[PDB]
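Presented below, as structure tokens, is a lone chain in the form deposited in one PDB entry.
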């Protein structure tokens, strides 16, 4: 266990990458060290803790990791998305804002940001994120539906309506209009 410690590190990270998160916890717990901080071990063990229900230990390792490596978009993403999931929206929002700007092709982040903003009552900001998300994925019914709800809350029924109708059209399946549009 310098050699054994390298074995558990590499194997543990391997497991975390693969989604074998229980096993990743069992192995990376043997190598993690708060006071000789290794951000790859802490990030992957943080993820694995969050995925196995140890959300408080996980968000701890991830805050520590993000304090150590403020550049780490991977770390900021899982921490932001985790906070969204546990509904700590005051924490989630600034992380997701910063990740969305660092990584503008990440649709899930932009959507989840818009959903959070909507749930805080920041309907204008939500609408702005949902429009960005639709620019990434124009045929995601769930975004058309989310943005229609935000417009409606602001009394913008005229603007909501086309998005409502699109959401319901996409639920059924294919838009017949595309029969007439060249590719």
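Only residues modelled in both forms are compared. Heads up, when I say rigid core I mean the largest set of C-alphas that superpose within 1.5 Å between the two forms. Positions refer to the first chain, counted from 1.
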Q: Output the stretch having the higher mean C-alpha B factor in the entry; the candidates are 30 to 38 and 113 to 121.
A: 30 to 38
(Q) Please compare 39 to 47 with 66 to 74 and name the stretch with the higher mean C-alpha B-factor in the deposited structure. (A) 66 to 74
(Q) For the CA B factor values reported in this entry, which option in 139, 59, 153, 129 has the top one? (A) 139
Q: Would you mind finding, among 25, 174, 160, 13, the residue with the largest C-alpha temperature factor in the entry?
A: 174
Q | Ranked against its chain, the third holding the CA B-factor of residue 102 | A | highest
Q: Divide the modelled residues of the chain into thirds by Cα B-factor and specify which third, lowest, middle or highest, holds residue 17.
A: lowest
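Omitted here: the form deposited in another entry. The next part is about that form.
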Q) With the two forms superposed on the core, which of 118, 68, 128, 140 shows a CA shift of 2 angstroms or more between this form and the one not shown? A) 68
Q) Closer or farther: the CA pair residue 53/residue 75 in the other entry, versus this form, with a change of 3 Å or more? A) farther
Q: Just say closer or farther for the C-alpha distance from residue 58 to residue 74 in the other entry, relative to the shown form; it changes by 3 Å or more.
A: farther
Q. Rigid core aligned, which consecutive-residue runs (three or more long, every Cα at least 2 Å shifted) show up between this form and the one not shown?
A. 37 to 71
